Amino acid sequence: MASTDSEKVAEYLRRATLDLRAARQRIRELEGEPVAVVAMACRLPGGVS
Amino acid sequence: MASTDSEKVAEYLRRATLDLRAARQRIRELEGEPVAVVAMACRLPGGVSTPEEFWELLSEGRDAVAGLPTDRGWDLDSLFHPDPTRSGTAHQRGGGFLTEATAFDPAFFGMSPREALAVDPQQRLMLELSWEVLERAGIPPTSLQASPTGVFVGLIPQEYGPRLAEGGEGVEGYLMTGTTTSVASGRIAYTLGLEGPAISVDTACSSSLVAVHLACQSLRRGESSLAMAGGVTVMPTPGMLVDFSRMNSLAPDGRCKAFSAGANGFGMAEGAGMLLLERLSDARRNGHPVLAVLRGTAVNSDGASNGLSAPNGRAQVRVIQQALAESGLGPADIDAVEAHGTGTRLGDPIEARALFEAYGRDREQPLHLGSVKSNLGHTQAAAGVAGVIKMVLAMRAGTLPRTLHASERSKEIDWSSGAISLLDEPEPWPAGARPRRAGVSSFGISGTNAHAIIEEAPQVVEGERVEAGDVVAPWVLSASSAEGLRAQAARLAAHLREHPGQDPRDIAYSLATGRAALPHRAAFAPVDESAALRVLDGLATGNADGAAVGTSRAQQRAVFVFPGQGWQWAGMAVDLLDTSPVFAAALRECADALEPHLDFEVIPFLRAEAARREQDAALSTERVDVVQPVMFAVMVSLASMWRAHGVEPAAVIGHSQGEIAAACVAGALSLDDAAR
Amino acid sequence: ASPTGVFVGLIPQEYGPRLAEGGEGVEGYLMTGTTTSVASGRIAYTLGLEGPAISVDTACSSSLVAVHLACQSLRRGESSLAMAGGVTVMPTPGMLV
Amino acid sequence: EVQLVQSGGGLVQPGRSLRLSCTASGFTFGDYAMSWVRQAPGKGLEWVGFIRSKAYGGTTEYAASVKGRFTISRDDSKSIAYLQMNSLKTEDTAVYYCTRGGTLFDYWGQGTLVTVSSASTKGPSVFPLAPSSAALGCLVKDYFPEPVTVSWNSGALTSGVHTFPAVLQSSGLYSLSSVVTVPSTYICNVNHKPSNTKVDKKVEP
Amino acid sequence: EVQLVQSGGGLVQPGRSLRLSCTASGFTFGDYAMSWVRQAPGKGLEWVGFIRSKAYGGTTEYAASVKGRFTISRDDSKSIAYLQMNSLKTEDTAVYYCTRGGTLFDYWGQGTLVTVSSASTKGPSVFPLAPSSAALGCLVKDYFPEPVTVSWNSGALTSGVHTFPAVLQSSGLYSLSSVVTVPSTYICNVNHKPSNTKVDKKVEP
Amino acid sequence: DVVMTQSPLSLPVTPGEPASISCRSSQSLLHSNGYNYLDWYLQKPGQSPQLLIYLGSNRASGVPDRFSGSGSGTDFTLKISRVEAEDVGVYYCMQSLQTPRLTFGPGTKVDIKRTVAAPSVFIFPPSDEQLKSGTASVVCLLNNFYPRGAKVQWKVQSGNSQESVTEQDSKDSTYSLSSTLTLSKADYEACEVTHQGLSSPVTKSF
Amino acid sequence: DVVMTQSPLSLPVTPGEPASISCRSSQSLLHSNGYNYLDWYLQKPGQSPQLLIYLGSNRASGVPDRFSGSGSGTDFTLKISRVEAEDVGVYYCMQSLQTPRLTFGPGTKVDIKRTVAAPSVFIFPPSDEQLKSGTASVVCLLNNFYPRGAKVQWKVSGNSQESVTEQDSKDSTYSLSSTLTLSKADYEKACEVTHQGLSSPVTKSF
């Protein structure tokens, strides 16, 4: 626009790249997100409680 | 040069934006992919055994509640008492109950009669149901071997056979394989060879809808390319009728008076329903017919309600709103909802209040409230599947079914809003600009509330071309028994006499790709719908229409016994040799294997037309000099093709002269060596 | 009223009388306390839980398919928390015989 | 995550300077170009101007109405954006926004009230509203600054109640009118926090 | 979906023209800038040139080695890209690629064999390989072009078998050697499809 | 010259319906790169706005995918699949082709669709103690009218009246106007609306 | 000047292990926009290549997310979490700060890791009927050696050609073909490899 030829469209790069990163992170948090074991409750033979 | 980076920058747009469009559509097909209904399945109260008969039941407003069954050996005499609190006694004096759940086909599957006797009818009424839902789809049931196809069947533990501590006299070891909800999906996955996740869900009156929900999840994540979703409540022993009388919740008439002032209980019925679920892209890519599309489904619990049995209002509103939110749809996008409508005087008011809350608060048109249990009765774990059956049939016929015993709308429900219209009359539901959408709700006695959103199948099927041809495609039909063969001819004849105008090539194509190759085969090449119906009626009676029965027994644990003594008639021709890939591969391999010592080729003798070789024909036992080399070549080819064409063999042996013959298909040969 | 799904692994076991001869006081609870459907329902009701209260059955794999299924429900996002597991307690000497 | 939270609100008279700072955290500050927008109360917004990134270097654009008045600076080590007011006048009375890009204002801070008014904090002139025969109200005239909440029946009546917005007259003072529309002698109270002028009024036709 | 499938392969001698067309479907052709790359057999790709989009207009760049020889054109109504060979020489013997962008070659066609060889189709000179006392083989000398597929024991032996790649000598002819490594008098056959020269060989030490 | 960009203003939206907002451009905003250079913004009433769509069609992250858009070389369409209770505010059709970036457009104040109501014109003479306090403010109060397309006239003329409109409420989905006619001492010795709710002017004086 | 870009070549990868490939740049490829301008490509042996990573870190669609990458202003790292049987080919570290891009770099032909084998040097005198046919081709055949870091010397060189193939599946080795094209009278005048498999030169002649 003013000097070189990219200071309004590189912003479009930045926004599109952030959106793609957030969407692929959404993919990995809906199909590959680790699922934590908060706590454990068991009643097992041998008196285990 | 790049105009000082303008091409570079804009081209990086042209990849990052495209990747974002791909990844966001991946989000959409991974969270809200509209999964379609390929084939329908139901064994519902009354005479209903197919979805078309269920529509015939719904369209004319017939109630299936007739009475208690007598095939099951029920006492029926301790089942009632003047005292309502007598142990061993039930309250309802009927209910829509299956008249065919008592019988099952052991010989059709790999089930022994001893096994099938101990099999829970619920499971017996899923083996046949899975078979018939696969046939209806145009998908050969035996073609889904070792393939990803999840099974989701809902059931009710109840009680069927004798005490498992006491065992039995004829049934000892297969009582486990019968009276377990677990194997009520594993059996289906085993007999059909399905490798997909076999889950048998159990959530009381919403098990079927829960199962279809999970199947939706499995397809959206892509764990299984195909899904087997459904539910069932077969009614083997009258105990649950006896004990649902103990809290005084059963309607004495056994009828589900849904949203009615005369609701004196929620009644009861036994039935079965089943669906084929899978993502619409996999449908239209693979050509599987699409009956309807299930867009969104949610499953929630009632929470701390007024007891485990009492329903919850806010939880119901939450589930029927979350289904819309996950579907991308809303209260105004649903033209007619299929509520639970269990029929009790307490569940119906709060249920209708929840419907008025999620839907009725913001309605442009009056919501058409319906209940399948009014025509059928509360099918418990088969409720939720029967509802979606009703709504999909309403889609395909373009008419809203009636809600029987609903003329007197309940006085405990505020209908003054007008946003919900009780379906006491058949309301036309034609296809228009708005995509027709429906909702099915099922609230189990366990407190788990589920709701699903059924959109009409996208009308992109239209656009098919029309043509005519001289191809007399054979009408191939196969069964597991000779009587089954005669009955398969008769039912096809009845269908073509009651549904005339179906083009012969369409019938042949449907009979060929969609009907499995069963070990009793009768076929004919029709020229007219009269000459074909005469053949069908001839096979029905049992005369020789072509004198040809393709007989066999099973495919699993096959040992390839190889007897000789004369076979393999020289009756091949052009195109035939190139119809089967492994057949042609084996024939050409036997052709190319013998360069140095042999030069005679069987392909010119095979690919030659045999229409001229049928006038000097002879039995294959006296032409051994010419037949035997052909025996050897085509025996190699046929062993190789029957090894993997729907058969899972276990070994290969040799009864007579098939020893070196099956040793040559064990390798250890060269050009010169094989020739020698 | 919080989103949390109950996924209990169960094999249907015969506990008391048949459903057809319910006892003196145990009359209407012979399936509302024994049916595998209501096992997770009791968890969701006593705790006031509002989520997918799902009872699975896969014989000796039921518990792990319940863990898998709660995992998938969390992955998509239906309930903020998930409650998965399984049990095999045999009251009668039935499954051993 | 990201936050372009602002700071530097206050009350000034035309002809002096004011401070506006935009806190940057959760990203590389030298990659995005800071811009500033101004939102006139009750009507649409307007770009004040912007600064270009250091790696680009570039220059600073400002709006045609702020030439020679406002300047923008930036730094990475402390990651705080600077919008500078010099020689303020009346039109600057508006809430300003910190925007995350020269042409893509992809993120937006909460906004800080930059008020350039010719008044100082004084007490209000509450005037009632006599019905014709209907609705009853009470004007709140000559109060500064905005900080005022007006309830009816001392916070007891809530149906049909209004607090009319701040009214801009040429004197720099503001006006509010609270009214309730219901047939019948009501109580309306105005609390000016900075001045602690607690006014209770009784109205009759 | 998308496909930049190519067409125009053939066999030529240096000094003439050849046609290369890239079929565009599934996207707007005037948005992406066509480029062309060349892949020398057995070694790395070495770029050729590109054309800029009509909306941009621009010019056409080619590699420093193809100045005044190759030209690229484009059109939207028929959506077929054009790479033109004029005054071909030996180095052009390579498979060319149709690439979807001036600087981002984000998509790549299958590739067409553009062969500029000084030979014509003839028959091969199959020569055996005598073991020292081991492995046994048979050379395939002087054949053109390279569809040859060599088997051992007439397609019976498959363990330890080789088909050596096409060998580039200065005469324009090619060489192949098929060998099997196993102690022992074997059969190796070479089938040249264009020439129908079916050669069977027996080898002894 | 400066691109003339005027989206169709005043698009009321009621929850649960599909709406669509267009936009205008003097010359084409479609550049040689094949991409449009217009941005879509929604202004929160009460706090900061957010991004809906860039490139004319490419949606931003964080916001739900409901905010769909497309357009031709000149014609643009932020085509909003549905709206809810929180989907109320001011849409800005800001094009990004020639900085400086001063003008965002007049802005599309959007609200909840409802049937046309009757504007309640309430004339209110100023209090007498105000007349002895040195000022005078007669207010022709307008309440429960929708949409906002009316201005209060002042006869016996206008010019000393101010404009003090609020936002929309939830359960009633109406609007009210405040025409404050600041007045002086000696000139104290009628108000009108031209709202769509009625046709004929309704005259009531102090 | 032209950016010197040489990724470390010869990175063998065996299935089931984390590898990482770096790359070099003479001056910084990090532009004023805060983004890198290097692209990552993998050349199929036998058909068309595909895109792994652009912007130096931004991955392309279609390919699985296993192809992860990052880098500094100059140092770059396509850091590949794991490899499988199909993850074999030639990786190109192509830049994009200076058009024309020209060649894609010598390229990183990558293969399956395995222990160092013994190069089987097989000397083969040409057939006598070839010697009467007008040509002569003595071949020092090399088989089952890995990696490829050896050249066949010709004593008693310059007339030898190079004809190496790709990798197989079950054996995961390589073979070389040193074809020494020869003439008539010069046959009346030994081959060597310098492969890591051994240390001392192994001399065998025709």
# chains A, B, ... in the order shown; residues from 1 in each chain; ligands from 1

call {"tool": "residues_around", "arguments": {"residues": "residue G:163", "least_positions_apart": "5", "cutoff": "10 Å", "atoms": "only C-alpha atoms", "output": "list in words"}}
result
residues 42, 164, 165, 166, 167, 168, 175, 176 and 177 of chain E; 175, 176, 177, 178 and 179 of chain G

call {"tool": "residues_around", "arguments": {"residues": "residue G:102", "least_positions_apart": "5", "cutoff": "10 Å", "atoms": "only C-alpha atoms", "output": "PyMOL selection string"}}
result
(chain E and resi 37+45-49+62-64) or (chain G and resi 94-95)

call {"tool": "closest_atom_pairs", "arguments": {"of": "chain A", "to": "chain D", "cutoff": "10 Å", "atoms": "only C-alpha atoms", "output": "tab-separated table"}}
result
residue	atom	partner	partner_atom	distance
A:2	CA	D:58	CA	8.0
A:3	CA	D:58	CA	7.3
A:4	CA	D:56	CA	9.2
A:6	CA	D:56	CA	9.7
A:7	CA	D:102	CA	7.8
A:8	CA	D:103	CA	5.6
A:9	CA	D:103	CA	8.5
A:10	CA	D:32	CA	9.8
A:11	CA	D:104	CA	6.4
A:12	CA	D:104	CA	7.4
A:14	CA	D:32	CA	8.7
A:15	CA	D:106	CA	7.5

call {"tool": "write_last_selection", "arguments": {"atoms": "N, CA and C atoms", "output": "PDB file, in the first residue's frame"}}
result
ATOM      1  N   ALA A   2       1.731   1.387   1.007  1.00  0.00           N
ATOM      2  CA  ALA A   2       2.571   2.572   1.158  1.00  0.00           C
ATOM      3  C   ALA A   2       3.994   2.328   0.673  1.00  0.00           C
ATOM      4  N   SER A   3       4.692   1.344   1.232  1.00  0.00           N
ATOM      5  CA  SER A   3       5.991   0.916   0.728  1.00  0.00           C
ATOM      6  C   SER A   3       6.001  -0.604   0.658  1.00  0.00           C
ATOM      7  N   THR A   4       6.913  -1.152  -0.146  1.00  0.00           N
ATOM      8  CA  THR A   4       6.817  -2.531  -0.617  1.00  0.00           C
ATOM      9  C   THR A   4       5.447  -2.724  -1.255  1.00  0.00           C
ATOM     10  N   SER A   6       2.908  -5.017   0.628  1.00  0.00           N
ATOM     11  CA  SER A   6       2.122  -5.887   1.501  1.00  0.00           C
ATOM     12  C   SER A   6       2.212  -5.373   2.939  1.00  0.00           C
ATOM     13  N   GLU A   7       1.202  -4.605   3.353  1.00  0.00           N
ATOM     14  CA  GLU A   7       0.968  -4.356   4.770  1.00  0.00           C
ATOM     15  C   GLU A   7      -0.506  -4.422   5.145  1.00  0.00           C
ATOM     16  N   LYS A   8      -1.407  -4.599   4.181  1.00  0.00           N
ATOM     17  CA  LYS A   8      -2.819  -4.853   4.438  1.00  0.00           C
ATOM     18  C   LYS A   8      -3.203  -6.300   4.194  1.00  0.00           C
ATOM     19  N   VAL A   9      -2.452  -6.992   3.337  1.00  0.00           N
ATOM     20  CA  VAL A   9      -2.789  -8.355   2.955  1.00  0.00           C
ATOM     21  C   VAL A   9      -1.975  -9.358   3.771  1.00  0.00           C
ATOM     22  N   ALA A  10      -0.800  -8.951   4.260  1.00  0.00           N
ATOM     23  CA  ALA A  10      -0.087  -9.767   5.238  1.00  0.00           C
ATOM     24  C   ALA A  10      -0.873  -9.883   6.537  1.00  0.00           C
ATOM     25  N   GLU A  11      -1.655  -8.857   6.879  1.00  0.00           N
ATOM     26  CA  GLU A  11      -2.593  -8.988   7.987  1.00  0.00           C
ATOM     27  C   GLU A  11      -3.602 -10.093   7.706  1.00  0.00           C
ATOM     28  N   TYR A  12      -4.021 -10.221   6.444  1.00  0.00           N
ATOM     29  CA  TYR A  12      -4.896 -11.322   6.064  1.00  0.00           C
ATOM     30  C   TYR A  12      -4.189 -12.664   6.223  1.00  0.00           C
ATOM     31  N   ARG A  14      -1.991 -13.222   8.522  1.00  0.00           N
ATOM     32  CA  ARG A  14      -1.898 -13.447   9.957  1.00  0.00           C
ATOM     33  C   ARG A  14      -3.223 -13.954  10.514  1.00  0.00           C
ATOM     34  N   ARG A  15      -4.325 -13.320  10.112  1.00  0.00           N
ATOM     35  CA  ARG A  15      -5.637 -13.755  10.581  1.00  0.00           C
ATOM     36  C   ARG A  15      -5.984 -15.149  10.068  1.00  0.00           C
TER      37      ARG A  15
END

call {"tool": "atom_distance", "arguments": {"atom1": "atom CA of residue B:575", "atom2": "atom CA of residue B:589"}}
result
17.8 Å

call {"tool": "atom_distance", "arguments": {"atom1": "atom CA of residue E:73", "atom2": "atom CA of residue E:41"}}
result
26.1 Å

call {"tool": "residues_around", "arguments": {"residues": "residue A:43", "least_positions_apart": "4", "cutoff": "10 Å", "atoms": "only C-alpha atoms", "output": "list in words"}}
result
residues 47, 48 and 49 of chain A; 87 and 89 of chain C

call {"tool": "write_last_selection", "arguments": {"atoms": "N, CA and C atoms", "output": "PDB file, in the first residue's frame"}}
result
ATOM      1  N   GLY A  47     -10.563 -57.998  49.332  1.00  0.00           N
ATOM      2  CA  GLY A  47     -10.773 -56.904  50.255  1.00  0.00           C
ATOM      3  C   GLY A  47     -10.442 -55.533  49.715  1.00  0.00           C
ATOM      4  N   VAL A  48     -10.171 -55.412  48.416  1.00  0.00           N
ATOM      5  CA  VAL A  48      -9.824 -54.121  47.835  1.00  0.00           C
ATOM      6  C   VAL A  48     -11.054 -53.224  47.817  1.00  0.00           C
ATOM      7  N   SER A  49     -10.901 -52.005  48.337  1.00  0.00           N
ATOM      8  CA  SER A  49     -11.987 -51.039  48.378  1.00  0.00           C
ATOM      9  C   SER A  49     -11.581 -49.654  47.892  1.00  0.00           C
TER      10      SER A  49
ATOM     11  N   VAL C  87     -18.720 -53.087  36.316  1.00  0.00           N
ATOM     12  CA  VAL C  87     -18.835 -53.951  37.486  1.00  0.00           C
ATOM     13  C   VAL C  87     -19.383 -55.303  37.055  1.00  0.00           C
ATOM     14  N   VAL C  89     -20.761 -58.136  39.637  1.00  0.00           N
ATOM     15  CA  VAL C  89     -21.055 -58.776  40.911  1.00  0.00           C
ATOM     16  C   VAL C  89     -22.160 -59.788  40.662  1.00  0.00           C
TER      17      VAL C  89
END

call {"tool": "closest_residue", "arguments": {"among": "B:146, B:299, B:16, B:151", "to": "chain F", "atoms": "only C-alpha atoms"}}
result
B:16

call {"tool": "closest_atom_pairs", "arguments": {"of": "chain F", "to": "chain B", "cutoff": "8 Å", "atoms": "only C-alpha atoms", "output": "CSV"}}
result
residue,atom,partner,partner_atom,distance
F:15,CA,B:362,CA,8.0
F:16,CA,B:332,CA,6.2
F:17,CA,B:332,CA,7.8
F:33,CA,B:10,CA,6.3
F:58,CA,B:17,CA,7.4

call {"tool": "interface_residues", "arguments": {"of": "chain F", "to": "chain A", "cutoff": "9 Å", "atoms": "only C-alpha atoms", "output": "PyMOL selection string"}}
result
chain F and resi 54-55+58-62+96-99

call {"tool": "atom_distance", "arguments": {"atom1": "atom CA of residue B:660", "atom2": "atom CA of residue B:580"}}
result
25.2 Å

call {"tool": "closest_atom_pairs", "arguments": {"of": "chain A", "to": "chain C", "cutoff": "8 Å", "atoms": "only C-alpha atoms", "output": "JSON lines"}}
result
{"residue": "A:29", "atom": "CA", "partner": "C:75", "partner_atom": "CA", "distance": 6.6}
{"residue": "A:30", "atom": "CA", "partner": "C:75", "partner_atom": "CA", "distance": 4.4}
{"residue": "A:31", "atom": "CA", "partner": "C:75", "partner_atom": "CA", "distance": 5.9}
{"residue": "A:32", "atom": "CA", "partner": "C:75", "partner_atom": "CA", "distance": 7.5}
{"residue": "A:33", "atom": "CA", "partner": "C:75", "partner_atom": "CA", "distance": 6.5}
{"residue": "A:35", "atom": "CA", "partner": "C:71", "partner_atom": "CA", "distance": 6.5}

call {"tool": "write_last_selection", "arguments": {"atoms": "N, CA and C atoms", "output": "tab-separated table (two decimals), in the first residue's frame"}}
result
chain	number	residue	atom	x	y	z
A	29	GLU	N	-8.41	-31.39	19.45
A	29	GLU	CA	-9.06	-31.41	20.76
A	29	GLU	C	-10.43	-32.06	20.72
A	30	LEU	N	-10.97	-32.35	19.53
A	30	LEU	CA	-12.19	-33.12	19.44
A	30	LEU	C	-11.95	-34.57	19.04
A	31	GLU	N	-10.79	-34.90	18.47
A	31	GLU	CA	-10.49	-36.28	18.12
A	31	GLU	C	-9.19	-36.82	18.69
A	32	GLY	N	-8.36	-35.99	19.31
A	32	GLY	CA	-7.11	-36.47	19.87
A	32	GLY	C	-6.77	-35.85	21.20
A	33	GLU	N	-7.73	-35.15	21.80
A	33	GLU	CA	-7.50	-34.49	23.08
A	33	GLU	C	-7.28	-35.53	24.17
A	35	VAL	N	-7.59	-37.30	27.61
A	35	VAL	CA	-8.70	-37.29	28.55
A	35	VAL	C	-8.16	-37.77	29.90

call {"tool": "closest_atom_pairs", "arguments": {"of": "chain F", "to": "chain E", "cutoff": "12 Å", "atoms": "only C-alpha atoms", "output": "tab-separated table"}}
result
residue	atom	partner	partner_atom	distance
F:30	CA	E:55	CA	9.8
F:31	CA	E:55	CA	7.7
F:32	CA	E:55	CA	4.5
F:33	CA	E:31	CA	6.6
F:34	CA	E:31	CA	5.5
F:35	CA	E:31	CA	8.9

call {"tool": "residues_around", "arguments": {"residues": "residue B:302", "least_positions_apart": "6", "cutoff": "8 Å", "atoms": "only C-alpha atoms", "output": "JSON, numbers by chain"}}
result
{"B": [311, 312, 313, 314, 315, 316, 447, 448, 449], "C": [44, 45, 49, 50]}

call {"tool": "decode", "arguments": {"residues": "stretch 4-52 of chain E", "atoms": "C-alpha atoms", "output": "PDB file, in the first residue's frame"}}
result
ATOM      1  CA  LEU E   4      -4.084 -30.671 -13.215  1.00  0.00           C
ATOM      2  CA  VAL E   5      -3.770 -33.692 -15.487  1.00  0.00           C
ATOM      3  CA  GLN E   6      -1.284 -33.320 -18.336  1.00  0.00           C
ATOM      4  CA  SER E   7      -1.044 -34.563 -21.918  1.00  0.00           C
ATOM      5  CA  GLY E   8       1.408 -34.401 -24.791  1.00  0.00           C
ATOM      6  CA  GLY E   9       4.092 -36.990 -24.165  1.00  0.00           C
ATOM      7  CA  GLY E  10       6.025 -38.467 -27.039  1.00  0.00           C
ATOM      8  CA  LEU E  11       9.377 -39.329 -28.563  1.00  0.00           C
ATOM      9  CA  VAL E  12      11.271 -36.649 -30.501  1.00  0.00           C
ATOM     10  CA  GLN E  13      14.769 -35.820 -31.722  1.00  0.00           C
ATOM     11  CA  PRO E  14      16.411 -32.473 -30.878  1.00  0.00           C
ATOM     12  CA  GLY E  15      15.436 -29.482 -32.990  1.00  0.00           C
ATOM     13  CA  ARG E  16      11.624 -29.707 -33.202  1.00  0.00           C
ATOM     14  CA  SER E  17       8.509 -28.735 -31.251  1.00  0.00           C
ATOM     15  CA  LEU E  18       6.334 -30.610 -28.763  1.00  0.00           C
ATOM     16  CA  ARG E  19       2.954 -30.031 -27.125  1.00  0.00           C
ATOM     17  CA  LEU E  20       2.247 -29.983 -23.386  1.00  0.00           C
ATOM     18  CA  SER E  21      -1.268 -29.242 -22.132  1.00  0.00           C
ATOM     19  CA  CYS E  22      -2.451 -29.093 -18.512  1.00  0.00           C
ATOM     20  CA  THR E  23      -6.177 -29.665 -17.971  1.00  0.00           C
ATOM     21  CA  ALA E  24      -7.729 -27.456 -15.283  1.00  0.00           C
ATOM     22  CA  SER E  25     -10.998 -28.424 -13.587  1.00  0.00           C
ATOM     23  CA  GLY E  26     -12.568 -27.893 -10.166  1.00  0.00           C
ATOM     24  CA  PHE E  27     -11.418 -24.302  -9.591  1.00  0.00           C
ATOM     25  CA  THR E  28     -11.274 -20.845 -11.153  1.00  0.00           C
ATOM     26  CA  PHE E  29      -8.353 -20.981 -13.586  1.00  0.00           C
ATOM     27  CA  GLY E  30      -7.681 -17.237 -13.724  1.00  0.00           C
ATOM     28  CA  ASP E  31      -6.960 -17.072  -9.998  1.00  0.00           C
ATOM     29  CA  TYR E  32      -3.864 -19.300  -9.856  1.00  0.00           C
ATOM     30  CA  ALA E  33      -0.695 -18.643 -11.842  1.00  0.00           C
ATOM     31  CA  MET E  34       0.521 -21.594 -13.896  1.00  0.00           C
ATOM     32  CA  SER E  35       4.103 -22.794 -13.492  1.00  0.00           C
ATOM     33  CA  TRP E  36       6.014 -25.693 -15.035  1.00  0.00           C
ATOM     34  CA  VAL E  37       8.796 -27.795 -13.528  1.00  0.00           C
ATOM     35  CA  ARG E  38      11.040 -30.409 -15.132  1.00  0.00           C
ATOM     36  CA  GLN E  39      12.250 -33.574 -13.355  1.00  0.00           C
ATOM     37  CA  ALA E  40      15.483 -35.063 -14.662  1.00  0.00           C
ATOM     38  CA  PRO E  41      15.366 -38.887 -14.438  1.00  0.00           C
ATOM     39  CA  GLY E  42      16.875 -40.180 -11.213  1.00  0.00           C
ATOM     40  CA  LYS E  43      17.854 -36.771  -9.796  1.00  0.00           C
ATOM     41  CA  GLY E  44      16.274 -33.583  -8.541  1.00  0.00           C
ATOM     42  CA  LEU E  45      13.684 -31.258 -10.089  1.00  0.00           C
ATOM     43  CA  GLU E  46      14.934 -28.092 -11.812  1.00  0.00           C
ATOM     44  CA  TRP E  47      12.327 -25.423 -12.535  1.00  0.00           C
ATOM     45  CA  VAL E  48      11.290 -24.166 -15.973  1.00  0.00           C
ATOM     46  CA  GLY E  49       9.001 -21.135 -15.915  1.00  0.00           C
ATOM     47  CA  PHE E  50       5.599 -19.707 -15.114  1.00  0.00           C
ATOM     48  CA  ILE E  51       2.848 -17.359 -16.294  1.00  0.00           C
ATOM     49  CA  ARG E  52       0.962 -14.797 -14.217  1.00  0.00           C
TER      50      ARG E  52
END
